[PDB]
Amino acid sequence: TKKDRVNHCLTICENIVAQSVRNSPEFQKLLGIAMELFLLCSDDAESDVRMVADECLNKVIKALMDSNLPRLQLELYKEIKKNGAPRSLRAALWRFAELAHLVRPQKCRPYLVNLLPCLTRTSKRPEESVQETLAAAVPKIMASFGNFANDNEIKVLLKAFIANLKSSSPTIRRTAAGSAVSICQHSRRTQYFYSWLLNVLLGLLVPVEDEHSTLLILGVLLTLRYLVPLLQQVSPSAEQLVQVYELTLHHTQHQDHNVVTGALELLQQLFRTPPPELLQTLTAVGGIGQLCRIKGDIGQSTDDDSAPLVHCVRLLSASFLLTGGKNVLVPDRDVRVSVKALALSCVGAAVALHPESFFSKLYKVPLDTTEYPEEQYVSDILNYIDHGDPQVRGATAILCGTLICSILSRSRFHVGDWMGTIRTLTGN
Amino acid sequence: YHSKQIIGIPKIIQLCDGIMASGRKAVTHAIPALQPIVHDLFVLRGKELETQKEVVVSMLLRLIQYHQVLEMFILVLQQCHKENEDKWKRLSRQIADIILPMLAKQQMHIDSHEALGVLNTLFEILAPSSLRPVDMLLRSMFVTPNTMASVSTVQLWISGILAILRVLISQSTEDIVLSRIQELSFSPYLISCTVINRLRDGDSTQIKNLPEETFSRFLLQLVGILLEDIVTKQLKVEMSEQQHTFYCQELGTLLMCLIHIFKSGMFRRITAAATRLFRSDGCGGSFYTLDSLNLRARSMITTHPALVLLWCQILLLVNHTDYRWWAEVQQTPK
């Protein structure tokens with residue numbers, strides 16, 4: 001039966017392709033039988049029969065793509081419509097999303113309306129394999145069907161994936177985060193939904209002093225990380241773009257290293273591609289105030305005497321890179337290499353915007369002068385060029401390889417004049 | 001189709017009208033649709049053709065703020081110049097009465113080298129009678145922007161000034177321009193340093209001086225404005241990379257215009273007043289002083305050598321042979 005099925009599938013598979021007349025009504029039914037059989041045959045215990053069913057299922061699609069795609073798209077949509085086995089659902093999902101961009105605009109609204117419950121139902125599937133296939137299918141489907149969607153239809157899809165941000169499985173969380181951002185990106189009112197998603201994401205975590213699930217924090221931070229690059233030009237405002245920055249800064253102090261890693265990854269994303277509204281606030285002296293342990297006073301994000309990036313660089317160094325003592329590398333057992341490498345990347349990106357933050361003292365107000373007789377500067381992070389692992393050594397080389405470019409650019413190639421005041425202002 | 005037409009020109013205008021009367025961008029949808037229409041009706045083609053021509057012209061007027069449409073009007077004006085001389089004068093007057101108020105309100109999209117270049121050739125193609133009374137030209141030049149806290153608005157405001165300034169020094173004479181500046185009560189304190197500081201925040205609220213004194217004061221303040229925000233502006237934060245190079249291009253053509261005014265000798269009264277104003281203090285900080293201008297120019301040596309040399313040429317045209325500025329650019333050994 002195993003060898004018979006493989007030969008049985010192949011015989012039908014070659015029969016469809018090697019048929020001269022493709023317009024006969026009897027062939028249309030015959031096409032709907034082979035496609036249904038291959039999708040059913042895509043769920044088999046043996047890998048060999050599954051592999052050949054997969055292999056020629058797209059070969060009959062490619063041969064019939066030029067002339068019989070509308071039936072192929074319809075046939076593949078029926079398998080998505082019924083929530084069957086994971087193997088037969090993923091096979092019909094990644095194939096349909098691939099051919100979505102060949103759907104003519106006439107059959108776009110009818111397809112999207114029918115696909116709204118299918119994408120919502122697939123988001124509730126607990127299988128990690130299904131969620132991986134669905135993660136890549138949504139941007140492909142939305143890139144074609146997104147502009148045919150209603151205002152409230154995008155909300156229904158967005159709320160479907162938002163509820164998946166608190167799941168324990170990282171694959172489910174990543175699928176929900178990517179799909180939600182991709183849904184907003186491929187919509188008629190792209191900027192309106194960016195604000196709507198940003199407001200919803202903040203509302204899930206804006207009571208920072210309250211208690212939130214670790215999974216929820218990881219999911220929301222990942223969603224913000226995907227959304228930030230698309231915010232680089234109702235529209236997203238400075239008030240909520242700052243709240244994301246404060247939310248990111250607060251969660252770098254979390255006790256779980258997974259949350260710290262997620263917060264740090266978003267923080268550097270906020271600096272690699274900073275939205276213009278947030279960039280001016282971060283580099284302004286008034287800044288936000290206008291509108292392993294931290295032992296001492298480093299300042300506040302809302303200080304009215306220095307740019308917020310000065311405190312951010314201080315916060316990163318005092319938390320993950322520097323202790324209170326000069327030339328004392330933070331031990332690796334307190335914060336791991338991954339956090340140290342990530343922290344140095346954030347500092348370098350922050351320095352690229354505000355080079356003056358690199359030369360400040362580690363602590364705004366000096367701590368006890370007995371245990372730590374000499375004050376330490378943020379520039380001590382360059383001692384990580386001799387770290388034991390290559391990622392931290394490379395991040396440090398990038399760090400003040402960027403500092404060289406930023407100082408020369410900001411000073412307009414007057415280094416002695418620029419470095420003269422930074423030496424007087426900070427004592428560095 | 002065997003004595004039957006498939007599609008008519010009026011239907012094509014209507015299809016173009018529907019595209020331009022929707023939420024689609026005019027640069028990528030309306031303008032590319034119009035380009036083969038005006039090139040067919042005007043360049044290569046008595047009672048019905050004229051009505052379509054006027055309808056197309058009316059559509060172009062609604063998109064006249066785009067420089068791509070400005071090139072289309074150049075094509076229409078050039079063709080109209082040959083066929084009917086009288087129609088060329090009336091069309092030029094209609095265009096001049098529209099774009100010139102728009103230049104004053106910064107409503108034209110001339111914030112680029114290409115757009116400003118197109119607008120310059122449109123002014124030359126226009127009929128001279130449409131700009132011979134320079135009262136309207138001067139009134140649209142001696143204006144102030146809504147605010148100077150935005151890079152785009154400052155560039156748009158300066159771009160419009162440069163286009164009108166070029167027309168004054170090419171299609172008119174110094175005697176004509178200055179006399180009209182006397183009759184129209186223009187003041188040198190239009191964009192004085194007090195007004196500049198107010199506008200840079202974002203707020204939109206004497207002795208009988210010669211017109212050459214106010215004309216030279218007006219041009220010198222723009223030099224200070226461009227120099228101020230070329231060096232005191234973060235590249236990735238405040239402006240963009242395109243906004244930075246257009247700032248230098250705007251300064252380059254403005255200093256180029258100043259050099260021609262001083263060097264040609266056709267603007268003796270303006271040059272004499274400008275030479276005197278370079279030597280005077282800024283009336284207690286109301287105007288940019290020469291020392292302040294040189295401070296902003298010295299900083300550009302390491303970044304914009306091309307513009308500093310243009311400033312050096314201007315300093316010689318006003319006989320500023322002081323070695324306070326020349327012993328530094330030349331790096332004279334001590």
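Proteins get letters first, then strands, A, B, ... in listed order; numbering begins at 1 in each.
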- Task: Decide side chain to side chain contact (heavy atoms under 4.5 Å, CB included) for B:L251 and B:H304; before the verdict, give the C-alpha distance in whole Å, the side-chain angles of both, and the deciding distance to 0.1 Å.
- Result: CA-CA 11 Å; B:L251 192 53; B:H304 309 96; over 6 Å; no

- Message: Using every non-hydrogen atom in the two residues, find where A:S319 and A:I294 come nearest and quote the distance to one decimal.
- Response: OG-CD1, 3.3 Å

- What pair of heavy atoms forms the shortest contact from A:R412 to B:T302, and how long is it? O-OG1, 2.8 Å

- Message: Would you say the rings of A:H212 and A:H254 are close, in the sense that their centroids are separated by under 6.0 Å?
- Response: no

- Message: Can you tell me if A:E374 has over 12 outside heavy atoms packed within less than 6.0 Å of its CD?
- Response: yes

- Heavy-atom donor-acceptor pair, A:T424 side chain to A:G420 backbone, under 3.5 Å: yes

- Task: Count the heavy atoms belonging to other residues, nucleotides or ligands that lie under 6.0 Å from CD of B:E238, then report whether that count exceeds 12.
- Result: yes

- Query: How long is the gap from CZ on A:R314 to SG on A:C312, to the nearest 0.5 Å?
  - Reply: 12.0 Å

- Task: Evaluate whether atom CZ of A:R336 has more than 12 neighbouring non-hydrogen atoms of other residues, nucleotides or ligands under 6.0 angstrom away.
- Result: no

- Which residues pass the side chain to side chain contact (heavy atoms under 4.5 Å, CB included) test with A:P355, sequence neighbours left out? A:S406, A:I407, A:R410, A:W418

- Message: Minimum heavy-atom separation for A:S168 and A:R173, please, with both atom names.
- Response: O-NH1, 3.1 Å

- Item | pair A:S379-A:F359: side-chain heavy atoms closer than 4.5 Å | no

- With rounding to the nearest 0.5 Å, note down the distance linking CG in A:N258 to CG in A:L221. 11.5 Å

- Value rounded to 0.5 Å, distance of CG in A:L201 from CG in A:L224: 5.0 Å

- Query: Considering residues, nucleotides and ligands other than A:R272, do more than 12 of their heavy atoms fall under 6.0 Å from its CZ?
  - Reply: no

- In terms of side-chain heavy atoms, does A:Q131 have a donor or acceptor partner in A:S169 at a distance below 3.5 Å? no

- Item | Heavy-atom neighbours of B:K236 NZ exceed 12 at 6.0 Å | no

- Flag, side chain of B:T153 to backbone of B:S150, donor-acceptor distance under 3.5 Å: no

- Can any side-chain N or O of A:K340 pair as donor or acceptor with the backbone N or O of A:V330 at less than 3.5 Å? yes

- Do you see a donor-acceptor pair shorter than 3.5 Å between the side chains of A:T171 and A:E132? no

- Item | From OG (A:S409) to CD1 (A:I404), nearest 0.5 Å | 11.5 Å

- Message: Is it the case that atom NZ in A:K124 sees more than 12 heavy atoms from other parts of the structure closer than 6.0 Å?
- Response: no

- Query: Has the side chain of A:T190 got a donor or acceptor atom that lies under 3.5 Å from a matching backbone atom of A:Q185?
  - Reply: yes

- Message: If the test is side chain to side chain contact (heavy atoms under 4.5 Å, CB included), which one of A:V347, A:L344, A:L322 qualifies with A:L316?
- Response: A:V347

- Item | Residue A:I398 excluded, over 12 heavy atoms near CD1 under 6.0 Å | no

- Message: Between A:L315 and A:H311, is there a side-chain heavy-atom distance shorter than 4.5 Å?
- Response: yes

- For the side chain of B:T245 and the backbone of B:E241, is there at least one donor-acceptor N/O pair under 3.5 Å apart? no

- Message: If you count heavy atoms of other groups shown closer than 6.0 angstrom to CD of A:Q300, is the number above 12?
- Response: no

- Any sub-3.5 Å donor-acceptor pair from A:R188's side-chain atoms to A:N147's backbone N or O? yes

- Note on the structure: Note: B:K233 and B:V151 closest approach over all heavy atoms is CE-CG2, 3.7 Å

- Is there a side-chain contact between A:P229 and A:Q269, using heavy atoms and a 4.5 Å cut-off? yes

- Query: Of all heavy-atom pairs between A:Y363 and A:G324, which one has the smallest distance, and what is that distance?
  - Reply: CE1-CA, 4.4 Å

- Query: Is the backbone N or O of B:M239 less than 3.5 Å from a side-chain atom of B:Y247, with the two atoms forming a donor-acceptor pair by type?
  - Reply: no

- Message: Donor-acceptor pair, distance only, cut-off 3.5 Å: does the side chain of A:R393 make one with the backbone of A:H387?
- Response: yes

- Task: Kindly say whether A:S129 contributes a backbone atom to a donor-acceptor pair with the side chain of A:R90 at under 3.5 angstrom?
- Result: yes

- Side chain of A:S195, backbone of A:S235: donor and acceptor closer than 3.5 Å? yes

- Item | Nearest-0.5 Å distance, CD1 of residue A:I381 to CG of residue A:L329 | 11.0 Å

- A:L115 to A:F96 - nearest heavy-atom pair and separation: CD1-CE2, 3.6 Å

- Query: Does any non-hydrogen side-chain atom of A:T281 lie less than 4.5 Å from one of A:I288?
  - Reply: yes

